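Trainee: sequence isn't available, so here's the structure alone:
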Ligand SMILES: CCCCCCCCCCCCCCCC(=O)OC[C@H]1O[C@H](O[C@@H]2[C@H](O)[C@@H](O)[C@H](O)[C@@H](O[C@H]3O[C@H](CO)[C@@H](O)[C@H](O)[C@@H]3O)[C@@H]2OP(=O)(O)OC[C@@H](COC(=O)CCCCCCCC[C@H](C)CCCCCCCC)OC(=O)CCCCCCCCCCCCCCC)[C@@H](O)[C@@H](O)[C@@H]1O
Ligand SMILES: CCCCCCCCCCCCCCCC(=O)OC[C@H]1O[C@H](O[C@@H]2[C@H](O)[C@@H](O)[C@H](O)[C@@H](O[C@H]3O[C@H](CO)[C@@H](O)[C@H](O)[C@@H]3O)[C@@H]2OP(=O)(O)OC[C@@H](COC(=O)CCCCCCCC[C@H](C)CCCCCCCC)OC(=O)CCCCCCCCCCCCCCC)[C@@H](O)[C@@H](O)[C@@H]1O
Ligand code: HEA
Ligand SMILES: CC(C)=CCC/C(C)=C/CC/C(C)=C/CC/C(C)=C/CC/C(C)=C\CC/C(C)=C/CC/C(C)=C/CC/C(C)=C/CC/C(C)=C/CC1=C(C)C(=O)c2ccccc2C1=O
Ligand code: HEC
Ligand code: HEC
Ligand code: FES
Ligand SMILES: [Ca+2]
Ligand SMILES: [Cu+2]
Ligand SMILES: [Cu+2]
Ligand SMILES: [Cu+2]
Ligand SMILES: [Mg+2]
């Protein structure tokens, strides 16, 4: 960023096309960009890993192995940065494809450990568990779509279209929406001393789930038919018109879904049910 | 000055000059050329409007013949407090005063559109002389400059 | 706020000392009259010149000018190619079709006079101005003491 | 049945596109399987393993299973290995670049339009030879990497540029940009590539070729790079015709026919039939 | 030159055709026609970097130039051959005149500037605000040819001064005043921007009063 | 503190391997040169972990087992004296405001604003550092 | 996102322009990623981590306070590009070059974004 400001304010000949700066900047940016997307993933893995054992009345299945999964995912997500640059035709294709395939192994381990945690135990499905399960369902399809992008032949046709937009709105909508809300519902009493409503926290979840799957599911098809991203408008004789209407309807549902949540937080912060115990969730494991 | 000197999208400042003054070489015409330049209500802005925009001009009910084709002349004194409102934007056709940020519409009869101004700028009728110089068809038909208690009818 | 549907920059007219009127599939640009003046009028009998450029975007069109200030006479091919233009007048500054006017009625700079341009498919009235180009300022006789 | 499994890809018009489509359709199935066998597991325990009426003690407290954890890191590894193998196989073929193209064309990308130039034509059976190379290119803000030809189609804000190519011949597609990065995408090709200002200095390969186009017709092409304001309004068309029509069109353009009446000379519509020029106005509120 | 007209046309169809038309006739609601503008307009708009423009806002800003002198001349000559208009003044060697544009009388230039140009621009040529999102820039960066060609053509909401309204002798004095008032050092200390009461007031509050209060706090006691 | 030290050198080893592999694989059969942009980053990413690993190794070998590092330690072993923590301070917001001023100055290229921002930053940092060291007033 | 989704349901440009749409998706993309998610990571950290490890406090509290204010003011400076007559950044969150050079995107919104 300092280098770019130097060019824009001093005329510093850093990112000149003649100077090989068109690709220098992309390398510099994508060394950041992908570790960034793994900065906002692992912490929200932690939340679900803390929520599963409590409501399952069973220990987290695999404690030693999850640490290694985290370490492997973090270490791998430094040498995978040019899989965002396929159409450029200027990177070593094999190097960034194999490693990107490899960064998909421990994620399955995490999934299977979660499934094994919630296996053969009494489950009650309060709001935290409902959100954390929605996380599983969304993130699986997100990751499945993400693996397809890793192969250069498929990214040759798919890249820079709404298929990728469909992808990173599932893998990103599970960690920082579903897991975030799971954490909020989990730790609200511990931080405030009040209990969030239950009949008002399930309407919110169902609205969010239905709205999200209504607005983002058809984007794969849009990108496949040949609709490019970052287009302001299109022509009537383009074919893709009705899918845009469906997406807009879903987006307005997803936008109205958030009223009950904010209402719940506003109402229950000072007139909520009082928790006077040390743990309102019963089979809590951690030291908080 | 002649109508040919100023082109479309230009503006000039003009003063009232009689044949009875002139040069300022002597001491008699040296104090007569100073009164013209120091007059409070003397300066006038002359603008030429593009022929393409001539179909969107609105007159002021008694000033329907105050222009010579595509040349208009208005007072350069702001009708708010008397600052020289002379920032002329020739694409938007707006006259801006740099004192209190009131702007006037040139296509209409210099009526205010923004700022603390409530009255329109005064117009001067113009024509040409037999030689081809610009002259006036008389003075304004209203007082020019800021207002006062016993102004208007 | 300034980058919406209505923009202050995209609607700006060119400062060219001339009109940019349209016609039937033909756009006329920089339409002006050359008439070097000496006094308040340019007297009838004198011949003056009409200048403009005609452009179309895709294969031919004929044309004819009529007016009320005398008669307009054309000389040249007076047809437009597919992706080309028709230049009639050469205004001062350029380094063959000509439009001459007999001017039955006197003209003066500052006013607009109606001209009718007619093609084989479209015809419009224009109301052209008079423009002086690279001509320097004409001398004004000095005054006296008063 | 393949329509509901390709998630709406266009069918290819070149062998490479068909091979890529084969790879993709084969991979979608391999990803739905592993999705189904995990959705089933999530659904199974969410409907059977619950808190029953009979309040028994806390369940079995098991937290480790070494054999299953060890046999679980190996099963997806083989799947990703086979996917990598097939990926390599397809990608090596899609970038062959045989050193004997039958027609080389130049593509240059500037601020919100396209421009095509026939660099050269050399048929494999000695039926037509032509060299449009025109050395006169000017330099300094250098802009000496750009290429100029004798026959060129220029795109305008009121006319979609149409490119005419023969059927059953190799196309060479040499790409350059003058100003910024743009995207050369043909959906029917199942292929796009970025066009960069200075490909040579940036260690980019700006040339790619296909074997031969199966069918004659008109196909759309869109810009995909986010090049600026009118980035959604930078389109072109490709019209593939018979070789004899190609030669007739070339001769007509060599006499000079603006690309609009050459098509009319070879009994083709003069304009684009896939897209039309965008309205010049900013929108409906003006 | 025939060879210079064709090199200026190939530069145009790659940069300018999108917003100005193939026949310089103008693309509606994107840009105006370029018939009758001349090479002075081209010189001013390309040398200062205003052209080519990148979006439609209240006012197109200035930026680094895209072309160099040869290319600028080619573009200017291509435009001049399509309707005529003003031309950039040259020197005895065929180059753009820079030194010859500086006039003799700075006082007459000064009082012409104060009457014609100080309303939009400042007393000495600083910025000034216009109606809505628009402004008059600083004059401290333009070379004599740029200053001359700015008021010959009329770029934007700035008016145009023809050679009959301001003769090409008064223009030289104006450019001399503009060039001199930008390279003269301040007398009496740091200039503080050259705007007047506002920077002076802020400097007072942020320096003098701060120092006085600090000294008072040092001398005095607390609680 | 051996676990902490080991966690860093594990990453050091991986990063070194990745950098070495990337550098060689691009020198051979890769258009251009070595791809200097990616090679540079990965040989300093390894250094990042190496510095911390070495420091942790030294600290671990210096001091013996702590209550934190003992499998079966009692709560009463930790009893004693923690250290110093700031109860409250309003200086952070002033530091942030100073930096924000400097940034806004640099964005619009207003050198006077930049200078004022730098002066404010220095003053605010001075205030923060000297907070718990100012003596009573001398009168 | 709601604005750009509303102006994406019908073929014609109804109420938006090109420039506005560009700035709109650019700023949506930046605000959602850098001013909501990356921060919300650290909100959950200094909410339960000291409780989880059994500590009374974080290592540096008076430095812990500075991070929040840096966040808030940086976010405000980046978002305040909409007050300018030009607008905010209109070149995506990715910020590819040369599109962010002085020649292309010469506005003041992009500068505030960077800083
Ligand atoms: C904040 C959350 C709350 C939710 C409420 C708001 C959220 C979003 C809703 C906003 C609506 C959509 C805006 C986007 C559309 C847009 O981009 O617009 C189109 C175009 O428009 C311009 O032209 C108009 C036409 O397109 C041209 O055809 C036409 O010619 C031109 O006509 C002028 O010009 C001509 C010459 O050309 C002349 O001939 C002619 O005479 C005239 O002069 C036009 O312009 P004009 O009429 O000026 O404006 C009209 C535009 C203008 O846009 C606008 O939305 C205006 C923007 C202001 C928005 C209102 C802000 C509200 C304040 C806050 C809520 C208060 C904060 C409190 C904090 C909380 C405290 C916590 C305790 O329509 C509107 O007002 C839309 C109405 C909707 C507003 C509703 C809000 C009020 C209700 C109160 C609710 C309170 C909530 C809480 C209470 C408890 C053009 O040029 C371009 O620019 C532009 O492209
Ligand atoms: C009790 C004590 C009282 C006394 C204190 C006084 C100290 C201050 C100065 C010291 C005294 C020296 C006397 C010698 C004077 C001298 O020999 O004279 C030099 C020349 O100098 C300028 O020439 C520049 C070039 O040399 C020319 O080539 C060029 O032409 C010219 O350009 C102008 O003209 C063009 C037309 O062509 C335009 O294009 C163009 O734009 C411009 O106008 C140039 O000018 P300029 O940019 O001013 O220089 C900028 C100054 C910049 O000053 C300043 O530090 C600013 C001082 C004022 C600050 C007060 C502002 C308050 C803001 C608030 C904080 C706002 C926010 C708060 C409110 C809200 C609160 C709530 C949040 O230094 C720089 O360069 C860069 C910065 C480095 C200077 C640092 C020294 C002091 C800084 C103090 C702190 C130290 C920390 C470390 C810093 C590095 C012009 O003046 C010329 O006349 C003048 O001739
Ligand atoms: C935000 C969080 C996030 C996460 C977690 C990820 C995770 C992954 N991403 Fe990334 N990605 C983004 C955010 C994220 N991404 C964003 C924002 C962009 C767009 C930026 C831009 O260009 O604008 C992007 C773009 C992006 C691209 C470039 C696409 C393009 O520009 O055209 C690629 C290509 O390789 C990629 C791949 C992957 C892979 C392989 C994973 C893997 O982490 C996911 C793996 C998950 C699974 C595999 C599912 C679980 C596994 C099992 C159940 C076992 C099954 C076993 C097999 C199938 C063998 N993503
Ligand atoms: C007309 C009116 C009512 C005023 C208010 C208008 C208004 C909306 C103000 C916005 C001003 C800004 C800062 C615009 C940029 C966009 C922006 C960053 C918006 C807000 C950002 C935000 C909400 C959060 C960031 C947090 C934060 C604290 C920001 C810091 C911003 C600051 C402190 C900037 C300074 C503000 C300001 C208006 C200062 C006026 C200073 C003046 C008048 C001095 C004039 C001055 C000049 C002009 C000189 O040339 C000069 C040259 C040499 C020495 C001195 C001077 C000098 O003093
Ligand atoms: C669309 C965006 C473009 C492009 C690609 C170019 N120009 Fe420029 N231009 C544009 C507009 C909307 C305007 C008018 C408003 C304003 O001046 O900002 C202009 C203006 C000019 C002028 C001034 C003409 C006048 O006096 O009437 C010139 C000489 C000019 N433009 C030249 C020019 C050249 C040579 C370009 C190719 C490099 C070019 N423009 C690109 C919009 C746009
Ligand atoms: C108000 C309108 C005026 C008046 C009366 C004058 N100028 Fe200036 N000027 C104005 C604007 C809005 C602009 C910007 C146009 C653009 O960027 O397209 C300008 C521009 C100039 C320039 C060029 C900018 C530069 O490179 O610094 C110059 C040299 C310039 N103006 C000088 C100038 C002179 C000498 C004037 C009186 C004789 C004058 N202007 C009047 C706004 C306005
Ligand atoms: S004096 Fe003109 S607006 Fe007040
Ligand atoms: Ca729409
Ligand atoms: Cu990636
Ligand atoms: Cu493009
Ligand atoms: Cu683009
Ligand atoms: Mg891309």
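Mentor: Received the coordinates, thanks. Residues are numbered from 1 along each chain as shown, chains lettered A, B, ... in the order given. Ligands and ions are numbered 1, 2, ... in the order given.
Trainee: not counting residues beside it along the chain, what's closest to the residue of chain D found nearest chain G?
Mentor: Residue nearest to chain G within chain D: residue D:283 (3.8 Å; C-beta to the nearest C-beta). Heads up, the C-betas are built off the backbone N, CA and C, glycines and all. If the residues on either side of it in the chain are set aside, residue D:283 comes closest to residue G:13, at 3.8 Å by C-beta to C-beta, 6 or more residues apart in numbering or on different chains.
Trainee: the one you found: neighbour count?
Mentor: 23 (other C-beta atoms under 10 Å in any protein chain shown).
Trainee: same question for residue E:181.
Mentor: Residue E:181 has 20 neighbours, counted by other C-beta under 10 Å.
Trainee: and chain C, which of its residues are near chain D?
Mentor: By C-beta under 8 Å from any C-beta of the partner chain, the residues of chain C that approach chain D are C:4, C:5, C:6, C:7, C:10, C:57, C:58, C:59, C:82, C:83.
Trainee: same thing but 7 Å
Mentor: C:5, C:6, C:7, C:10, C:57, C:58, C:82, C:83 (C-beta under 7 Å from any C-beta of the partner chain).
Trainee: biggest separation within the residues you listed, which pair?
Mentor: In terms of C-beta to C-beta, the residues of chain C next to chain D reach their longest pairwise distance at C:6 and C:82, which sit 34.8 Å apart.
Trainee: now residue G:94, nearest residue through space, not along the chain?
Mentor: Excluding the flanking residues, the one nearest residue G:94 by C-beta to C-beta, 6+ apart is residue A:29, at 7.1 Å.
Trainee: ditto for residue E:42
Mentor: Using C-beta to C-beta, 6+ apart, the closest residue to residue E:42 is residue E:76 (4.3 Å).
Trainee: how many residues are close by that neighbour?
Mentor: Using other C-beta under 10 Å, residue E:76 has 23 neighbouring residues.
Trainee: same thing with residue E:199?
Mentor: 15.
Trainee: equivalent analysis for residue A:42, please.
Mentor: Count around residue A:42 with other C-beta under 10 Å applied: 16.
Trainee: please report the distance of the nearest residue to it once chain neighbours are set aside from residue D:37.
Mentor: Among residues not flanking residue A:42 along the chain, residue A:70 sits closest, at 6.0 Å (C-beta to C-beta, 6+ apart). Per C-beta to C-beta, to the nearest Å, residue A:70 is found 24 Å from residue D:37.
Trainee: ditto for residue E:133
Mentor: Taking C-beta to C-beta, one finds residue E:133 at 60 Å from residue D:37.
Trainee: residue D:68 now?
Mentor: Applying C-beta to C-beta to residue D:68 and residue D:37 gives a distance of 15 Å.
Trainee: of the two, which one has the most company?
Mentor: Counted by other C-beta under 10 Å, residue D:68 and residue D:37 do not tie: residue D:68 has more neighbours, with 12 against 9.
Trainee: roughly how far is the helix or strand harbouring that one from the heart of the chain?
Mentor: Of the helices and strands defined by DSSP states H and E, residue D:68 is found in helix D:66-70. A distance of 44 Å separates the centroid of the chain from that of helix D:66-70, by C-alpha atoms, centre = their mean, to the nearest Å.
Trainee: can you list phi and psi of the spatially closest residue to residue E:175 that is not a sequence neighbour for me?
Mentor: In space, residue E:175 comes closest to residue E:147 once its chain neighbours are excluded; the distance is 4.4 Å by C-beta to C-beta, 6+ apart. Main-chain torsions, residue E:147, degrees, to the nearest 10: phi -60, psi -40.
Trainee: how about residues contacting the one helix or strand residue A:74 maps to?
Mentor: Per DSSP H and E, residue A:74 falls inside helix A:64-76. Helix A:64-76 is contacted from outside by A:38, A:42, A:49, A:99, A:102-103, A:106-107, A:109-110, A:113, D:69, F:11, F:14, using C-beta atoms under 7 Å, 6 or more residues apart in numbering or on different chains.
Trainee: before we move on, what about stretch D:183-197?
Mentor: A:17, A:22, A:87-89, A:156-157, A:160, A:226, D:9-10, D:12-14, D:17, D:20-21, D:107, D:109, D:175-177, D:179-182, D:202, D:204, D:206, D:208, D:219-225, D:238, G:98.
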